[PDB]
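All remarks here apply to the structure that follows.
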Amino acid sequence: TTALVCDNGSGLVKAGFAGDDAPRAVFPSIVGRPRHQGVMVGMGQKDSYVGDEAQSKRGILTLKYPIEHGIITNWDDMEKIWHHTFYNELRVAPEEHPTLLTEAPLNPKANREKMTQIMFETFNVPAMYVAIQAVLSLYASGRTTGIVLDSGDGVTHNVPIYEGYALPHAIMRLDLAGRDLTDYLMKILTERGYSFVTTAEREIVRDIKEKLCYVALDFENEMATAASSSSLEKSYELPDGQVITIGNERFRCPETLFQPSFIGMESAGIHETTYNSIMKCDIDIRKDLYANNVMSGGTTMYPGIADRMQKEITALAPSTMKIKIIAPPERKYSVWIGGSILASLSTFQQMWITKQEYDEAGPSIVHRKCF
Amino acid sequence: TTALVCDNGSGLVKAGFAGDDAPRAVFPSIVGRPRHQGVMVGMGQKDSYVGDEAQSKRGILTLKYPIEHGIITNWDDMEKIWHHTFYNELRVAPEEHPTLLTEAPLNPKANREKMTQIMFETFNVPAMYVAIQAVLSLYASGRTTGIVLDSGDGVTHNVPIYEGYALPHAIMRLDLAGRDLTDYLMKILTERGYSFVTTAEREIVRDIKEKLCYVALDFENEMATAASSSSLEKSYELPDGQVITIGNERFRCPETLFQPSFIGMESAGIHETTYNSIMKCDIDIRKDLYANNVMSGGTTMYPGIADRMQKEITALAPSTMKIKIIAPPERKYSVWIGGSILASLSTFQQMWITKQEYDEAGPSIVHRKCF
Amino acid sequence: XXXXXXXXXXXXXXXXXXXXXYXXXXXXXXXXXXXXXXXXXXXXXXXXXXXXX
Ligand SMILES: Nc1ncnc2c1ncn2[C@@H]1O[C@H](COP(=O)(O)OP(=O)(O)O)[C@@H](O)[C@H]1O
Ligand SMILES: Nc1ncnc2c1ncn2[C@@H]1O[C@H](COP(=O)(O)OP(=O)(O)O)[C@@H](O)[C@H]1O
């Protein structure tokens, strides 16, 4: 037989067998339900909808979002999603493979315990594992040491990994991910005051986040150009309906990462967090990390982040020593890709959970057995 | 000299010098024009009409409504209104005073820029300011911290203010104000099916909103009483013509605030919005706000809102901690009153815009200079 | 038989009654030139940042 991996890194959800280059297909983890009396009697009433099916159907559906802050909000909804994904995309039965789970690090045990409990009981599945993002990120990026930044749909990360080991004290974990940024966007957008608030309306922004964003090289200087020029300003359509045209409101958005005033918090930002977390970690290693600096997924997609990051580190580093960062093309997929690699090696046969343990001891097994 | 404040919080419009207890008089901001060939040749044709003059004249006039959703729709009409108000009520010349402007928060820059541009150019006026509602609401209510709910004629608000500072991220802003509710009313009213739709006909409802409304204590239980009793039902005249008598249709109306299905939207309502916006804001402050809870203006006039609100918070709060709300008598005036206080303090002499800046820099000045 | 006061007044009225045209003309046109400043609200941001790290 053969081995199968779910990505539940948030945003669209990624699933695929070991050794395929890329997951078969991918789904937002939107969940949505009707909003109005069902008045075509000819229609079959289905009360819950998920995935691109919903993405089409959206308008009378209204959304629930089953993961806040990387924490999965409502289990039975997940179970709906999960079941759908297996049967509809995968045409797969729980017995068929070991299955591998993808976790925010340093987050409450409950997600571990219920996830495993459900999936061994509700699904019945040969072998289970839950793995921390950064490990995959290294394996895919193939440098045994490193530090990773990956700010997905969900909670945003700093982990230094040294070759072959964790520094769990070193690690920083942040709820700054693009969704909340986007919801700040609206509080921007009312300046131009084309204005709409609901969940689907919020996801419409996601497209603009694809298309229209780019990273500020320098904030002051950008403001000076903002006074000078309109090339900074670009014209974009409603997905249907109007043309819309957007100024500094594009570039201002990512700066939140550097300055989370605009929705206001203190953690001194991605880069200062990173250098902080470095200065926690010990002295000699540091050069390697100055060399090996790695980024991935949802926010990183933006053009230019790596450059201003390097500018920031050149601010904070003693300039004397080499600095560079890695910005691979495929970052948003990176995790599941690494998961595939993770699946490949026979050592997990030593390492998987088996049904037997789940019989003989509880969810408690995990927290010893896995990281 | 002396200092003068316009309220342009929507609904009737409120204007008065610093230190008077209440504005001299107040006007709806209706605008209206003829509908029919003018056939008394003896009549002077005036093509636009405003204020109680129109309120008398209405029938052949037809209304335009120059503020949607707190956003002022058509500038030159405003200018008509504004000019009229100064000269006819106020007997005032633009030079005579600093003038203070009253704004929905978090709404498009354009209202700022044109308002100032016009009023410095079209009127020529010593000093200008635009101020956010909640600030006045606190000053009048005199508790330096707080959260305010004021759902006027126009767009409906949540702002926590802490003492001396803004939390602009915290803030929620909603188009749920009584006008749109009233227009829903007609879609109610056709059940009894005495039915009329035009603008003046819609304003006729406003009287009923004065007289006939009261807040549901409990919705289910009210329905049970609705089955039992007719004391719930009261008898009311046309302003002229018939007696009309109204059932649950009265109390059902305010529930929209709690459930904006009936004209259907999702934002989980006043109270759930409030507690949401709290849970955004940080942990320690919260008790104060549990203590200090403040409400004002158009919707709040209804008897009973505060009670069911408290019921709702007792639902959502951990019961352990004190809760109360403030419901002052004067809420509908509150804003302009606070504005008077705001006018009083010499610090605005430090703070006003002056003509000089408007000379030396554009409307842009405001958005730095004011909140 | 004609084109008249009566019809012209009809057109006039309808014009006055059409909210969509005049409101769209003012709001949508004015929406586009909305914003230019180095916000003092952002001055707050910068200052806080200075205090931040
Ligand atoms: N084309 C794009 N450009 C920029 N950001 C995007 C694009 N497509 C998706 N994103 C963002 O990337 C994230 C996708 O989820 P993901 O990065 O997988 O989160 P997680 O790390 O929790 O798995 C979301 O924040 C989404 O809005
Ligand atoms: N007697 C009353 N009872 C209940 N509501 C009223 C009464 N009089 C006026 N209102 C409503 O209060 C609002 C008056 O405008 P206002 O509250 O000043 O709005 P804004 O907050 O925009 O200034 C309108 O919604 C009006 O219909």
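A note on labels: chains of the structure tokens are A, B, ... as shown, every chain counts residues from 1, and ligands are counted from 1 in their shown order.
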Query raised in the report: Got a sec to tell me which of range 49-265 of chain B DSSP assigns to alpha helix (DSSP H), as a PyMOL selection string?
Result: chain B and resi 51-57+75-84+109-121+133-141+178-189+199-211+219-228+249-258
Report task. Would you kindly return, as a ChimeraX atom specification, each protein, DNA or RNA residue with an atom no farther than 10 Å from any atom of range 342-357 of chain B, considering only C-alpha atoms and excluding same-chain residues fewer than 4 positions away? Result -> /B:2-5,17-19,98-100,116,120-121,124-131,135-136,139-140,336-338,361-363,365-366,369-370
Would you output that residue set with N, CA, C and O atoms, as a tab-separated table (two decimals), in the first residue's frame?
chain	number	residue	atom	x	y	z
B	2	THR	N	-17.19	85.36	19.84
B	2	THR	CA	-17.93	84.23	20.37
B	2	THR	C	-17.90	83.12	19.33
B	2	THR	O	-17.52	83.33	18.18
B	3	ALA	N	-18.27	81.92	19.77
B	3	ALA	CA	-17.96	80.70	19.04
B	3	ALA	C	-19.20	79.84	18.87
B	3	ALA	O	-20.03	79.73	19.77
B	4	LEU	N	-19.32	79.25	17.69
B	4	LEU	CA	-20.58	78.73	17.19
B	4	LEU	C	-20.32	77.33	16.67
B	4	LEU	O	-19.26	77.07	16.09
B	5	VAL	N	-21.28	76.44	16.88
B	5	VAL	CA	-21.12	75.04	16.53
B	5	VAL	C	-22.32	74.57	15.74
B	5	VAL	O	-23.47	74.77	16.15
B	17	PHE	N	-24.44	78.55	19.95
B	17	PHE	CA	-23.21	79.14	20.43
B	17	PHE	C	-22.68	78.34	21.61
B	17	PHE	O	-23.42	77.61	22.28
B	18	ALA	N	-21.39	78.48	21.86
B	18	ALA	CA	-20.82	77.91	23.06
B	18	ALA	C	-21.51	78.51	24.27
B	18	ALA	O	-21.57	79.74	24.42
B	19	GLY	N	-22.07	77.66	25.13
B	19	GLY	CA	-22.43	78.04	26.47
B	19	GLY	C	-23.91	78.20	26.68
B	19	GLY	O	-24.37	78.14	27.82
B	98	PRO	N	-15.46	80.93	15.20
B	98	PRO	CA	-15.03	79.59	14.81
B	98	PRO	C	-16.25	78.70	14.70
B	98	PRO	O	-17.27	78.92	15.36
B	99	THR	N	-16.14	77.69	13.86
B	99	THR	CA	-17.23	76.76	13.64
B	99	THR	C	-16.75	75.32	13.68
B	99	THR	O	-15.66	74.99	13.21
B	100	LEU	N	-17.59	74.46	14.24
B	100	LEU	CA	-17.18	73.14	14.67
B	100	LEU	C	-18.11	72.16	13.99
B	100	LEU	O	-19.32	72.38	13.91
B	116	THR	N	-14.47	71.09	4.38
B	116	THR	CA	-13.57	72.17	4.74
B	116	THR	C	-13.35	73.11	3.58
B	116	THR	O	-13.32	74.34	3.75
B	120	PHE	N	-14.38	77.00	4.16
B	120	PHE	CA	-13.38	78.06	4.14
B	120	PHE	C	-13.51	78.94	2.91
B	120	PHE	O	-13.26	80.15	2.99
B	121	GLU	N	-13.87	78.37	1.77
B	121	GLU	CA	-13.97	79.22	0.59
B	121	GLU	C	-15.33	79.87	0.48
B	121	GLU	O	-15.43	81.10	0.37
B	124	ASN	N	-16.48	82.17	4.71
B	124	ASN	CA	-15.13	82.51	5.14
B	124	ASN	C	-15.14	82.72	6.64
B	124	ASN	O	-15.73	83.68	7.14
B	125	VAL	N	-14.48	81.83	7.36
B	125	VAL	CA	-14.84	81.56	8.75
B	125	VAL	C	-13.58	81.41	9.59
B	125	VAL	O	-12.65	80.71	9.19
B	126	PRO	N	-13.52	82.07	10.75
B	126	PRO	CA	-12.22	82.24	11.42
B	126	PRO	C	-11.51	80.94	11.69
B	126	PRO	O	-10.30	80.82	11.43
B	127	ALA	N	-12.22	79.94	12.20
B	127	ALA	CA	-11.58	78.71	12.64
B	127	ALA	C	-12.54	77.55	12.45
B	127	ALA	O	-13.75	77.69	12.64
B	128	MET	N	-11.99	76.40	12.10
B	128	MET	CA	-12.78	75.23	11.76
B	128	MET	C	-12.30	74.01	12.52
B	128	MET	O	-11.11	73.86	12.79
B	129	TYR	N	-13.25	73.16	12.89
B	129	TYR	CA	-12.92	71.86	13.45
B	129	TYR	C	-14.01	70.85	13.14
B	129	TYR	O	-15.19	71.20	13.03
B	130	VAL	N	-13.59	69.60	13.02
B	130	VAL	CA	-14.48	68.47	12.82
B	130	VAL	C	-14.14	67.44	13.89
B	130	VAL	O	-12.97	67.10	14.08
B	131	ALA	N	-15.17	66.93	14.55
B	131	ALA	CA	-14.97	66.16	15.77
B	131	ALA	C	-15.84	64.92	15.74
B	131	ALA	O	-16.92	64.91	15.16
B	135	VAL	N	-16.47	61.44	21.33
B	135	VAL	CA	-15.74	62.33	22.21
B	135	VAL	C	-16.72	63.25	22.91
B	135	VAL	O	-16.71	63.40	24.14
B	136	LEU	N	-17.61	63.84	22.12
B	136	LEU	CA	-18.63	64.70	22.69
B	136	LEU	C	-19.49	63.90	23.65
B	136	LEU	O	-19.89	64.41	24.71
B	139	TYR	N	-17.77	63.70	26.88
B	139	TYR	CA	-17.65	64.96	27.59
B	139	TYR	C	-18.97	65.32	28.24
B	139	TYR	O	-19.01	65.71	29.41
B	140	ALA	N	-20.06	65.17	27.49
B	140	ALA	CA	-21.35	65.50	28.06
B	140	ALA	C	-21.67	64.54	29.19
B	140	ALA	O	-22.06	64.95	30.29
B	336	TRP	N	-24.65	67.75	20.54
B	336	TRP	CA	-24.42	69.17	20.39
B	336	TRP	C	-24.06	69.76	21.74
B	336	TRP	O	-23.28	70.71	21.82
B	337	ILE	N	-24.62	69.19	22.80
B	337	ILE	CA	-24.29	69.70	24.13
B	337	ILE	C	-22.80	69.52	24.38
B	337	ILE	O	-22.07	70.45	24.78
B	338	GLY	N	-22.33	68.30	24.15
B	338	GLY	CA	-20.92	68.02	24.29
B	338	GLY	C	-20.11	68.94	23.41
B	338	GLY	O	-19.03	69.38	23.80
B	361	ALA	N	-1.74	75.34	2.64
B	361	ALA	CA	-1.82	73.93	2.32
B	361	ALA	C	-3.29	73.57	2.19
B	361	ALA	O	-4.17	74.35	2.56
B	362	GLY	N	-3.55	72.38	1.66
B	362	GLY	CA	-4.84	72.11	1.09
B	362	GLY	C	-5.82	71.65	2.14
B	362	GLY	O	-5.62	71.84	3.34
B	363	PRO	N	-6.90	71.02	1.71
B	363	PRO	CA	-7.65	70.12	2.60
B	363	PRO	C	-6.81	69.06	3.27
B	363	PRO	O	-7.18	68.57	4.35
B	365	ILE	N	-4.45	69.22	5.04
B	365	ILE	CA	-4.09	69.64	6.39
B	365	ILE	C	-4.88	68.86	7.41
B	365	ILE	O	-4.33	68.31	8.38
B	366	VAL	N	-6.19	68.77	7.18
B	366	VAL	CA	-7.10	68.21	8.16
B	366	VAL	C	-6.60	66.86	8.63
B	366	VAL	O	-6.50	66.59	9.83
B	369	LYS	N	-4.13	66.89	10.89
B	369	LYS	CA	-4.24	67.80	12.01
B	369	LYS	C	-5.37	67.37	12.94
B	369	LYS	O	-5.21	67.36	14.16
B	370	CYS	N	-6.50	66.98	12.37
B	370	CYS	CA	-7.60	66.47	13.16
B	370	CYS	C	-7.46	64.96	13.28
B	370	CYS	O	-6.67	64.34	12.57
Query raised in the report: What lies within 10 Å of range 5-13 of chain C using only C-alpha atoms, ignoring chain neighbours under 4 positions off, as a list in words?
Result: residues 33, 34, 35, 36, 37, 38 and 62 of chain B; 17 and 18 of chain C
Report task. Dump as a ChimeraX atom specification the residues of chain A that approach chain B to within 9 Å, counting only C-alpha atoms. Result -> /A:35-36,62,184,187-194,197-199,262-264
Query raised in the report: What residues have any atom no more than 8 Å from ligand 2 when counting only C-alpha atoms and all ligand atoms, and can you list them as an MDAnalysis selection string?
Result: chainID B and resid 7:13 70 104 150:156 177:179 206:207 209:211 213 296:302 332:333 335
Output N, CA and C atoms for every residue in that selection, as a short mmCIF file (atom, residue, chain, number, x, y, z; two decimals), in the first residue's frame.
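Done, and the output landed in part_2.cif:
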data_model
loop_
_atom_site.label_atom_id
_atom_site.label_comp_id
_atom_site.auth_asym_id
_atom_site.auth_seq_id
_atom_site.Cartn_x
_atom_site.Cartn_y
_atom_site.Cartn_z
N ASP B 7 -24.12 71.15 14.54
CA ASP B 7 -24.27 69.71 14.52
C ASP B 7 -24.78 69.30 13.15
N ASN B 8 -24.03 68.41 12.50
CA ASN B 8 -24.50 67.73 11.30
C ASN B 8 -24.60 66.23 11.49
N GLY B 9 -24.68 65.77 12.73
CA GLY B 9 -25.32 64.51 13.00
C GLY B 9 -26.69 64.51 12.37
N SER B 10 -27.04 63.44 11.68
CA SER B 10 -28.15 63.50 10.75
C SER B 10 -29.46 63.41 11.50
N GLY B 11 -30.56 63.53 10.78
CA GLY B 11 -31.79 63.93 11.40
C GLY B 11 -31.84 65.43 11.47
N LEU B 12 -32.68 65.93 12.36
CA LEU B 12 -32.78 67.37 12.47
C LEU B 12 -31.44 67.93 12.94
N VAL B 13 -31.13 69.13 12.48
CA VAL B 13 -29.77 69.65 12.50
C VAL B 13 -29.68 70.80 13.48
N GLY B 70 -25.19 58.22 6.77
CA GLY B 70 -24.28 59.23 7.26
C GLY B 70 -23.39 59.93 6.25
N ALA B 104 -19.54 61.52 11.53
CA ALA B 104 -19.37 60.08 11.64
C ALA B 104 -17.88 59.75 11.65
N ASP B 150 -24.60 55.12 19.71
CA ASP B 150 -25.55 56.13 19.28
C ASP B 150 -25.94 55.93 17.83
N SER B 151 -27.20 55.59 17.62
CA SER B 151 -27.68 55.09 16.34
C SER B 151 -28.69 56.18 15.99
N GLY B 152 -28.27 57.11 15.15
CA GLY B 152 -29.10 58.28 14.97
C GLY B 152 -30.08 58.12 13.85
N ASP B 153 -30.34 59.22 13.16
CA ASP B 153 -30.78 59.12 11.77
C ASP B 153 -29.80 58.28 10.96
N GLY B 154 -28.52 58.38 11.26
CA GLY B 154 -27.47 57.81 10.44
C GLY B 154 -26.61 56.75 11.09
N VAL B 155 -25.54 56.39 10.38
CA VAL B 155 -24.83 55.13 10.57
C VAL B 155 -24.42 54.93 12.02
N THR B 156 -24.49 53.69 12.47
CA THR B 156 -24.68 53.33 13.86
C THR B 156 -23.36 52.80 14.37
N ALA B 177 -29.37 52.37 10.77
CA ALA B 177 -30.06 53.41 11.50
C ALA B 177 -31.56 53.41 11.19
N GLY B 178 -32.28 54.17 12.01
CA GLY B 178 -33.72 54.03 12.10
C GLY B 178 -34.45 54.26 10.80
N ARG B 179 -33.88 55.07 9.91
CA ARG B 179 -34.52 55.33 8.63
C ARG B 179 -34.75 54.03 7.87
N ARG B 206 -42.23 58.34 11.24
CA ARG B 206 -41.41 58.88 12.31
C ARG B 206 -42.23 59.23 13.53
N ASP B 207 -43.41 59.82 13.33
CA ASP B 207 -44.26 60.14 14.47
C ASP B 207 -44.62 58.88 15.23
N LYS B 209 -42.99 56.23 15.33
CA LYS B 209 -41.77 55.80 15.99
C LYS B 209 -41.56 56.56 17.28
N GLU B 210 -41.98 57.82 17.30
CA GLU B 210 -42.01 58.55 18.55
C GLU B 210 -42.99 57.89 19.51
N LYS B 211 -44.23 57.79 19.07
CA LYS B 211 -45.35 57.51 19.95
C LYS B 211 -45.44 56.03 20.28
N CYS B 213 -43.74 53.06 19.66
CA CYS B 213 -42.78 51.98 19.82
C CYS B 213 -42.48 51.75 21.30
N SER B 296 -27.04 56.69 23.35
CA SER B 296 -27.62 58.00 23.05
C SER B 296 -28.41 57.97 21.76
N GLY B 297 -29.17 59.03 21.56
CA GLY B 297 -29.82 59.46 20.34
C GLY B 297 -30.92 58.55 19.82
N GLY B 298 -31.05 58.56 18.49
CA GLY B 298 -32.34 58.33 17.86
C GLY B 298 -33.03 57.05 18.25
N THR B 299 -32.34 55.92 18.14
CA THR B 299 -32.98 54.67 18.51
C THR B 299 -33.18 54.59 20.01
N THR B 300 -32.19 55.07 20.76
CA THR B 300 -32.19 54.86 22.19
C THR B 300 -33.41 55.46 22.85
N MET B 301 -34.04 56.44 22.19
CA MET B 301 -35.22 57.08 22.73
C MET B 301 -36.24 56.07 23.22
N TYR B 302 -36.34 54.94 22.53
CA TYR B 302 -37.31 53.92 22.87
C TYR B 302 -37.19 53.56 24.35
N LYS B 332 -30.58 62.53 22.72
CA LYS B 332 -30.71 63.03 21.37
C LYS B 332 -30.04 64.38 21.17
N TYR B 333 -30.05 65.23 22.20
CA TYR B 333 -29.30 66.47 22.15
C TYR B 333 -27.83 66.31 22.51
N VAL B 335 -25.02 65.19 21.76
CA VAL B 335 -23.87 65.48 20.93
C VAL B 335 -23.62 66.97 20.89
#
Requested in this report: Would you give me, as a PyMOL selection string, the residues of chain C that come within 10 Å of chain B, using only C-alpha atoms?
Outcome: chain C and resi 5-6+8-10+12-14+16-19+22-27+30-43
What would the file look like if the residues just selected were written as a compact mmCIF listing (two decimals), in the first residue's frame with N, CA, C and O atoms?
# COMPACT_ATOMS: atom_id res chain seq x y z
N UNK C 5 -44.78 72.38 -22.29
CA UNK C 5 -44.62 72.52 -20.86
C UNK C 5 -44.91 71.22 -20.12
O UNK C 5 -44.13 70.79 -19.28
N UNK C 6 -46.08 70.62 -20.37
CA UNK C 6 -46.47 69.43 -19.63
C UNK C 6 -45.41 68.33 -19.69
O UNK C 6 -44.92 67.85 -18.66
N UNK C 8 -42.26 68.70 -20.77
CA UNK C 8 -40.97 69.17 -20.28
C UNK C 8 -40.91 69.11 -18.77
O UNK C 8 -39.89 68.72 -18.19
N UNK C 9 -42.00 69.50 -18.11
CA UNK C 9 -42.09 69.39 -16.66
C UNK C 9 -42.03 67.94 -16.22
O UNK C 9 -41.45 67.63 -15.18
N UNK C 10 -42.66 67.04 -16.98
CA UNK C 10 -42.51 65.62 -16.69
C UNK C 10 -41.04 65.23 -16.65
O UNK C 10 -40.57 64.61 -15.68
N UNK C 12 -38.37 67.17 -16.37
CA UNK C 12 -37.79 67.89 -15.24
C UNK C 12 -37.98 67.12 -13.95
O UNK C 12 -37.02 66.84 -13.21
N UNK C 13 -39.23 66.81 -13.64
CA UNK C 13 -39.57 66.09 -12.43
C UNK C 13 -38.77 64.80 -12.36
O UNK C 13 -38.01 64.59 -11.41
N UNK C 14 -38.94 63.93 -13.35
CA UNK C 14 -38.22 62.66 -13.38
C UNK C 14 -36.73 62.85 -13.08
O UNK C 14 -36.16 62.14 -12.24
N UNK C 16 -35.38 65.29 -11.38
CA UNK C 16 -35.31 65.56 -9.94
C UNK C 16 -35.49 64.29 -9.13
O UNK C 16 -34.82 64.09 -8.11
N UNK C 17 -36.38 63.42 -9.57
CA UNK C 17 -36.70 62.20 -8.85
C UNK C 17 -35.63 61.14 -8.99
O UNK C 17 -35.53 60.26 -8.13
N UNK C 18 -34.82 61.20 -10.04
CA UNK C 18 -33.81 60.18 -10.25
C UNK C 18 -32.64 60.43 -9.31
O UNK C 18 -31.83 61.33 -9.52
N UNK C 19 -32.55 59.60 -8.27
CA UNK C 19 -31.52 59.72 -7.26
C UNK C 19 -30.21 59.14 -7.77
O UNK C 19 -29.12 59.66 -7.49
N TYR C 22 -27.78 61.57 -9.89
CA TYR C 22 -27.10 62.71 -9.31
C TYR C 22 -26.17 62.23 -8.20
O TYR C 22 -25.03 62.69 -8.08
N UNK C 23 -26.66 61.29 -7.39
CA UNK C 23 -25.85 60.76 -6.30
C UNK C 23 -24.63 60.03 -6.84
O UNK C 23 -23.53 60.17 -6.30
N UNK C 24 -24.79 59.24 -7.91
CA UNK C 24 -23.65 58.54 -8.48
C UNK C 24 -22.64 59.54 -9.02
O UNK C 24 -21.44 59.43 -8.76
N UNK C 25 -23.14 60.58 -9.69
CA UNK C 25 -22.28 61.59 -10.28
C UNK C 25 -21.43 62.27 -9.23
O UNK C 25 -20.22 62.44 -9.40
N UNK C 26 -22.04 62.65 -8.11
CA UNK C 26 -21.27 63.30 -7.07
C UNK C 26 -20.35 62.32 -6.34
O UNK C 26 -19.13 62.52 -6.29
N UNK C 27 -20.90 61.21 -5.83
CA UNK C 27 -20.11 60.37 -4.94
C UNK C 27 -19.04 59.60 -5.70
O UNK C 27 -17.87 59.60 -5.30
N UNK C 30 -16.33 61.88 -7.00
CA UNK C 30 -15.52 62.48 -5.95
C UNK C 30 -14.76 61.44 -5.15
O UNK C 30 -13.80 61.79 -4.46
N UNK C 31 -15.17 60.18 -5.24
CA UNK C 31 -14.51 59.11 -4.50
C UNK C 31 -13.05 58.94 -4.91
O UNK C 31 -12.22 58.52 -4.09
N UNK C 32 -12.71 59.27 -6.16
CA UNK C 32 -11.42 58.89 -6.72
C UNK C 32 -10.25 59.76 -6.27
O UNK C 32 -9.17 59.23 -5.97
N UNK C 33 -10.42 61.08 -6.18
CA UNK C 33 -9.36 61.92 -5.61
C UNK C 33 -9.61 62.12 -4.12
O UNK C 33 -10.16 63.13 -3.67
N UNK C 34 -9.18 61.13 -3.34
CA UNK C 34 -9.60 61.03 -1.95
C UNK C 34 -8.55 61.44 -0.94
O UNK C 34 -8.91 61.90 0.15
N UNK C 35 -7.26 61.30 -1.23
CA UNK C 35 -6.30 61.11 -0.14
C UNK C 35 -4.90 61.54 -0.56
O UNK C 35 -4.38 61.05 -1.56
N UNK C 36 -4.31 62.47 0.19
CA UNK C 36 -2.86 62.63 0.18
C UNK C 36 -2.40 63.25 1.49
O UNK C 36 -2.74 64.41 1.76
N UNK C 37 -1.62 62.51 2.28
CA UNK C 37 -0.98 63.08 3.46
C UNK C 37 0.03 62.09 4.03
O UNK C 37 -0.12 60.87 3.87
N UNK C 38 1.04 62.62 4.71
CA UNK C 38 1.80 61.88 5.72
C UNK C 38 1.08 62.00 7.06
O UNK C 38 1.41 62.84 7.91
N UNK C 39 0.10 61.12 7.27
CA UNK C 39 -0.85 61.27 8.37
C UNK C 39 -0.17 61.49 9.71
O UNK C 39 0.82 60.84 10.04
N UNK C 40 -0.72 62.43 10.49
CA UNK C 40 -0.32 62.52 11.89
C UNK C 40 -0.82 61.31 12.67
O UNK C 40 -0.18 60.91 13.65
N UNK C 41 -1.97 60.77 12.29
CA UNK C 41 -2.35 59.47 12.82
C UNK C 41 -1.20 58.49 12.64
O UNK C 41 -0.91 57.68 13.52
N UNK C 42 -0.53 58.57 11.49
CA UNK C 42 0.65 57.74 11.30
C UNK C 42 1.84 58.29 12.07
O UNK C 42 2.78 57.54 12.35
N UNK C 43 1.88 59.60 12.32
CA UNK C 43 2.90 60.11 13.22
C UNK C 43 2.85 59.36 14.55
O UNK C 43 3.89 59.01 15.12
Requested in this report: Excluding residue 144 in chain A and residues on its chain fewer than 4 positions from it, collect all residues at most 8 Å away from it, counting only C-alpha atoms, and give them as a list in words.
Outcome: residues 138, 139, 161, 162, 163 and 164 of chain A
Could those residues be written to a file, using N, CA and C atoms, as a short mmCIF file (atom, residue, chain, number, x, y, z; two decimals), in the first residue's frame?
data_model
loop_
_atom_site.label_atom_id
_atom_site.label_comp_id
_atom_site.auth_asym_id
_atom_site.auth_seq_id
_atom_site.Cartn_x
_atom_site.Cartn_y
_atom_site.Cartn_z
N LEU A 138 12.20 23.08 6.38
CA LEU A 138 13.60 22.75 6.17
C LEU A 138 13.75 21.63 5.17
N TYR A 139 13.01 20.54 5.37
CA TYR A 139 13.24 19.38 4.52
C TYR A 139 13.06 19.77 3.07
N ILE A 161 15.39 26.47 13.62
CA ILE A 161 15.81 25.10 13.83
C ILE A 161 17.29 24.94 13.57
N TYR A 162 18.00 24.39 14.54
CA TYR A 162 19.32 23.90 14.18
C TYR A 162 19.18 22.51 13.59
N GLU A 163 20.18 22.13 12.81
CA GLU A 163 20.26 20.78 12.30
C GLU A 163 19.92 19.75 13.36
N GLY A 164 18.97 18.88 13.03
CA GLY A 164 18.54 17.79 13.86
C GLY A 164 17.92 18.07 15.21
#
Requested in this report: Among the residues of range 9-187 of chain A, find those DSSP assigns to strand (DSSP E) from the backbone and print them as number ranges by chain.
Outcome: A: 13-17, 25-27, 31-33, 49-50, 62-64, 67-68, 71-72, 99-103, 127-132, 146-150, 156-161, 172-174
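Between ligand 1 and the residues A:142, A:44, A:254, A:328, the shortest atom-to-atom distance, using only C-alpha atoms and all ligand atoms, involves A:254.
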